[PDB]
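Spelled out, the chains give:
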2 protein chains.
Amino acid sequence: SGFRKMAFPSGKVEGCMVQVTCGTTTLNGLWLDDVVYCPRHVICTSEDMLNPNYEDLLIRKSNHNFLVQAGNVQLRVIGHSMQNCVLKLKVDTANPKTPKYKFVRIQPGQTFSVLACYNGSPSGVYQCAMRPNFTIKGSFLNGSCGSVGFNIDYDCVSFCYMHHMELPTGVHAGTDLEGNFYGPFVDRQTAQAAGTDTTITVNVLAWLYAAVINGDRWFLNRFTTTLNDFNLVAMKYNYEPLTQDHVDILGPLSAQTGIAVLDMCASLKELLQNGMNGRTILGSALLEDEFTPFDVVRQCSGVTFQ
Amino acid sequence: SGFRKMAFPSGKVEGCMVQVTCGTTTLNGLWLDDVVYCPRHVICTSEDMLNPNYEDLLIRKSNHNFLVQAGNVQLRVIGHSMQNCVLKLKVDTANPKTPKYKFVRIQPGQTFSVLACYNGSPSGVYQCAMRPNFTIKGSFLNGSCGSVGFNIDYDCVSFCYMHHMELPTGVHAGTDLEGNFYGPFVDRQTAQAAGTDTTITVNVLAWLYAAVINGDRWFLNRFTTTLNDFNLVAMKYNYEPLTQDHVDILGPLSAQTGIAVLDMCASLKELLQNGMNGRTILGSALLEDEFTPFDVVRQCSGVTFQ
Ligand SMILES: [Zn+2]
Ligand SMILES: [Zn+2]
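- As annotated in the PDB entry, chain A carries the name 3C-like proteinase and comes from Severe acute respiratory syndrome coronavirus 2.

### Details of the overall build of chain A
Moving on, step 1. Across its full length, chain A holds eight helices and 13 strands.
Moving on, step 2. For a compact globule of 306 residues, the expected C-alpha radius of gyration is about 19 Å, and chain A comes in at 22 Å, within 12% of that figure.
Moving on, step 3. Dimensions of chain A, computed from the C-alpha atoms along their principal axes, are close to 70 × 40 × 30 Å.
Moving on, step 4. Scored against the burial criterion, the 306 residues of chain A give a buried share of 54%.

### Some details on the pattern of salt bridges
Residue and element names in this part refer to chain A.
Moving on, step 1. Tallying each qualifying case throughout the model produces 24 salt bridges over all chains.
Moving on, step 2. Its salt-bridge partner being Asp295, residue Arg298 comes within 2.9 Å of it at the nearest N-O pair. One end of the pair, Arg298, and the other, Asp295, are both in helix α8 (residues 293–301), three residues apart, so they sit about a helical turn from each other.
Moving on, step 3. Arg298 sits in the partly exposed class, given a relative accessible area of 25%.
Moving on, step 4. The class of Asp295 is buried, set by a relative accessible area of 7%.

### Description of the coordination of the zinc ion (ligand 1)
Under ideal tetrahedral coordination, the four donors around a metal are separated by 109.5 degrees; under ideal octahedral coordination, the six donors are separated by 90 or 180 degrees.
Residue and element names in this part refer to chain A.
Moving on, step 1. Ligation of the zinc ion (ligand 1) by protein atoms is provided by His41 (NE2) and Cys145 (SG), these donors lying 2.2 to 2.4 Å from the ion. Residue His41 is found in the loop between β3 (35–39) and α2 (54–58), and its partner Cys145 is found in the loop between β10 (121–129) and β11 (148–153); the two are separated by 104 residues along the sequence.
Moving on, step 2. Using a relative accessible area of 17% as the deciding quantity, one classes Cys145 as buried.

### Describing the side chain of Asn95 of chain B
Moving on, step 1. Counting through the fold element by element, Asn95 of chain B comes out in the loop between β7 (86–91) and β8 (100–103).
Moving on, step 2. The contacts of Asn95 of chain B, once residues within four sequence positions are left out, are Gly15, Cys16, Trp31 and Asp33 of chain B.

### Re the packing of aromatic side chains
Moving on, step 1. Summed over all chains, the structure comprises 18 aromatic pairs over all chains.
Moving on, step 2. On the basis of an interplanar angle of 55° and a centroid distance of 4.7 Å, the ring pair of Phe3 of chain B and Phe291 of chain B is categorised as tilted. Taken together, the residues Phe3 of chain B in the segment before α1 (11–14) and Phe291 of chain B in the loop between α7 (261–274) and α8 (293–301) connect sequence positions 288 residues apart.
Moving on, step 3. The class of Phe3 of chain B is buried, set by a relative accessible area of 11%.
Moving on, step 4. Taking 5.3 Å as the distance between ring centres and 85° as the angle between the ring planes, the aromatic pair formed by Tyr37 of chain B and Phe103 of chain B counts as edge-to-face. In this pair, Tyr37 of chain B is assigned in strand β3 (residues 35–39) and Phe103 of chain B in strand β8, connecting sequence segments 66 residues apart.
Moving on, step 5. Using a relative accessible area of 9% as the deciding quantity, one classes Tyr37 of chain B as buried.
Moving on, step 6. These aromatic residues form a ring-pair network of at least three members: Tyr37, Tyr101, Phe103 and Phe159 of chain A.
Moving on, step 7. Looking at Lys5 of chain A, its charged tip hangs above the ring of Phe291 of chain A, at a distance of 5.3 Å from the centre.
Moving on, step 8. Positioned above the aromatic ring of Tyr54 of chain B is the side chain of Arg40 of chain B, whose terminal nitrogen or guanidinium carbon lies 3.9 Å from the ring centre.

### Regarding the environment of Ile106 of chain B
Residue and element names in this part refer to chain B.
Moving on, step 1. You can see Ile106 is positioned in the loop between β8 and β9 (111–118).
Moving on, step 2. Separated by 83 residues in sequence, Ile106 and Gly23 place their C-alpha atoms 33 Å apart.
Moving on, step 3. In this structure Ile106 touches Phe112, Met130, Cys160 and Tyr182, once residues within four positions along its chain are discounted.

### A short note on the relation of the copies chain B and chain A
Moving on, step 1. The two copies are related by a screw motion: chain B maps onto chain A through a turn of 180° and a shift of 0.0 Å along the axis, at an RMSD of 0.0 Å. Seen this way, the second copy is the image of the first under a two-fold rotation axis. By C-alpha distance to the rotation axis, the residue of chain B lying nearest is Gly11 of chain B, at 1.8 Å.
Moving on, step 2. The share of interface residues of chain B whose copies in chain A are also at the interface is 100%, consistent with both copies meeting through the same surface.

### Here we look at the layout of surface pockets
Moving on, step 1. Of the pockets and cavities examined, the second largest pocket occupies roughly 1,300 Å³.
Moving on, step 2. Surrounding the second largest pocket, 42 residues form its lining, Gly11 and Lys12 of chain A together with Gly11, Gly15 and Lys97 of chain B being those nearest its centre.
Moving on, step 3. Broken down by secondary-structure element, the contributors of at least two residues to the lining of the second largest pocket are α1 (11–14) and β1 (17–22) of chain A together with α1 of chain B.
Moving on, step 4. Counted by class, the lining of the second largest pocket contains 20 nonpolar, 14 polar and eight charged residues.

### Digging into empty space enclosed by the protein
Moving on, step 1. In this structure the tally under the stated criterion is three cavities of 30 Å³ or more.
Moving on, step 2. Estimated volume of the largest cavity: approximately 200 Å³.
Moving on, step 3. As for the largest cavity, its lining consists of 18 residues, of which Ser123 of chain A together with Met6, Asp295, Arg298 and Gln299 of chain B are closest to the centre.
Moving on, step 4. Taken together, the elements giving at least two residues each to the lining of the largest cavity come down to β9 (111–118) and β10 of chain A together with α8 of chain B.

Scoring rules and cut-offs
Sequence positions in this view are assigned from 1 along each chain in the order the sequence is written. Entry numbering can differ, and residues without coordinates are absent from the display. As they are written, the chains are lettered A onward and the ligands numbered 1 onward, keeping that order. With hydrogens and water set aside, each side-chain value is computed from the structure's full complement of heavy atoms. Helix and strand assignments follow DSSP, with helices taken as H or I runs no shorter than four residues and strands as E runs no shorter than two, numbered in order from the N terminus. With the radius of gyration taken over C-alpha atoms, the globule rule is written as 2.2 Å times the number of residues to the power 0.38. Throughout this description, buried means an accessible area under 20% of the type-specific maximum (1.4 Å probe, protein chains only), exposed means over 50%, and partly exposed covers the range between. Basic side-chain nitrogens of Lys or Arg form a salt bridge, by our definition, when they fall within 4 Å of a carboxyl oxygen of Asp or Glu. Donors, by definition, are the N, O and S atoms found within 2.8 Å of a metal, the threshold being 3.2 Å for Na, K and Ca, and water is not counted, so a site can look incomplete. Whether two residues touch is decided by their heavy atoms; if any such pair falls within 4.5 Å, the residues are in contact. Each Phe, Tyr or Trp ring, with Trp reduced to its six-membered ring, pairs with another whose centre is within 6.5 Å; inter-plane angles below 30 degrees give stacked pairs, above 60 give edge-to-face pairs, and intermediate values give tilted ones. Two conditions define a charge located above a ring, namely a distance within 6 Å from the ring centre to NZ of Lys or CZ of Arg, and an angle within 35 degrees of the ring normal. To overlay the copies, their C-alpha atoms are matched by a least-squares fit. Points on a 1 Å grid over protein atoms alone make up a cavity when a 1.4 Å probe fits among them but cannot get out, and a pocket when they form an open set with protein on both sides within 12 Å along at least five of seven lines; lining residues each have an atom within 4 Å of a point. Grid points are joined across faces, edges and corners, and a volume is the space filled by probe spheres set on the points. Basically, the charged four are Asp, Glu, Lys and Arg, the nonpolar ten are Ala, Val, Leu, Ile, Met, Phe, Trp, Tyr, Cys and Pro, and anything else, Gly included, counts as polar.

As C-alpha cells, this is what we get:
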C-alpha cells in the first residue's frame, strides 16, 4: 500500500544522453541508432535567439562545427539536417546502448517522466503531465535544453518530449521528437503567453479512486450526479469537461472499488464546492491531477519493466 | 526555474537488482560484487512470519535452496550467511555492472530515492524522507521487499535502505544494508505502532528558500524571531526543534537570498499560526518537508552524476 508520484526507471534513457556543442552553445542530445537529436537553437547565440532565421544560420555550419561527446569519447558527425525544430546529426557509430524505442506525440493530460540533464549528464528524474495549455511545469535550469520526456512499456521507451524553452512566466515548452512544438509556442525569445491551465478532471478522479484503494475514504459522500450537471460545476472551477470516453477509461477502477464513476463525480463536486476543510487526501491538501487512470492501475497492481 | 520532487537517475541501481526465491517466497535482492543481499524473511512462509525463529529456520536451508536470477540467467550460490536482518548470498560471479558504492546508515530527516521492484524488475522510482519516527511513507505492494533506497554522489551510489515490512497502519519499515532496522521495528508480523510523525523543520525552511528563489514570495513577512521563541511554536505544531547546527546548514541559502534564517523562521511561524488561507507555495497547499538543504542547493544549481 501507499501511493507515490513515481517516475519510470531511467536507465534505458541515461544510456542515450550526449552533449552537443555548436560554437559557444552546449546543451543535451539524444543518441539513438546512428542519429543524435537536439534542439535546433544549439546553433544560436544569445543574441540570435531574439529573432533567429534558422535556415540562414544553419547555412554557416558544417558537420565539423557540431561537437558530440558521449561520456569522455567524441563522436564523428557525418551529416546534419533540420526537421521542424530539431536537428538530426548523423554520426558514424550506432549507440550500442540503444533501447527498443518509438516516437509518440502525446495529448494534454498525459503524464511522462523527465530525465533532467546538464552537459549530457543525468541530474534527476521526475514525473509530470502535459498541461491542457500545452506547457509543462518542470525543473529546468540553463543547460537543460534537449532533456527528454518518456514513457516505458515493458522494454520499449516511447519518447514524447524534448525540452526547448522557458516562458517568461516560468513554465516550460518543448517539442515531440519530430520537432513540432506542443502548443503554439516558437523557439524564439519573445513574449509568449500561455492560456488557461485547467485541471485535468479524469486524472483527479483516477487519483480519488487510488485514495479509496489505499484507505483514504473520508470524502466519499451520499450523492450522485450526471455528466451534464457535473460539467456545469467543473466549468466554474476551471476543470476540463468529462466525456463518456473518460467514464469508459475509469471503468476498471470503478469495478475494482465498486464505486460508480458518477458517484465519484458527486464526491468531487462536493470537494470543489466545500473545499477540504483542512484535511488531506493521500498526503495532499490539493486535488492532484498528474496521475492518469493507467498510472493508477499500474501503480496499484505493480507492473514492471526490463 | 521550477522546482520538482526529483529522484536520482536509477540506472546504476537497476543493474544490481535480482530475484531471490526460497521455497515459495520470492522477493528482490541487490547484487554487488559477488554478494547478493536480501531480507532474511525470504526463508519464511506466511505462517512463519507470525513468530519466526530465524536461526532455526535457516538451519534447514542449503546454498541450493536459494534461487537467484539476474534477468533470464541463473546465478550459482556458493555460500550464505545471516547478518542482523539480511541474508548475504555469495555467488560465483561478480556483477559486471557493479557501480562504485558504499553502505550508509542515514539519520531521520534525510531523503533518498527508492527503486521499487517486483520479481527483480524495476517498476518505478520516487523520492522520500526517513521520518522522525523511523518509518518511510512509500509505495510498496506484495513482492517489493528487498527494494532499496539510495543516494548518488557523482559516480558513487550510497545504499541506505532495504525494504522489509508494512506496518498495520500502512507505513513502511526496513533496514540499512548491514541489516539493522531503522527504529524499533522487527521482522515479525505483529502489532508494531509508530511514534509521532513530526514535521522536519529544517527541510521545510530549505523548501521555503527554494520557493523564494523560484519567485513564490507572498509568505515573506515583516517579522523576525529567536531560536527559543520559534521552537516554542514548533513544539505546539509537532515540528522538530531547530538547532544551531540546522541554522549553520541553511547558511548558503540565506546568503544567496539575503534572507536571514531567523527571519525565515518568523515567516514559517506565521504560516503555522495563520495557515495558508487557500494559497499555495511551489504548487503545494501544505508545508513540504522531504527536501533537505542539500537537495535544494543541488536542484537549484544543477549538479550532475555519471
Ligand atoms: Zn536552450
Ligand atoms: Zn516480504
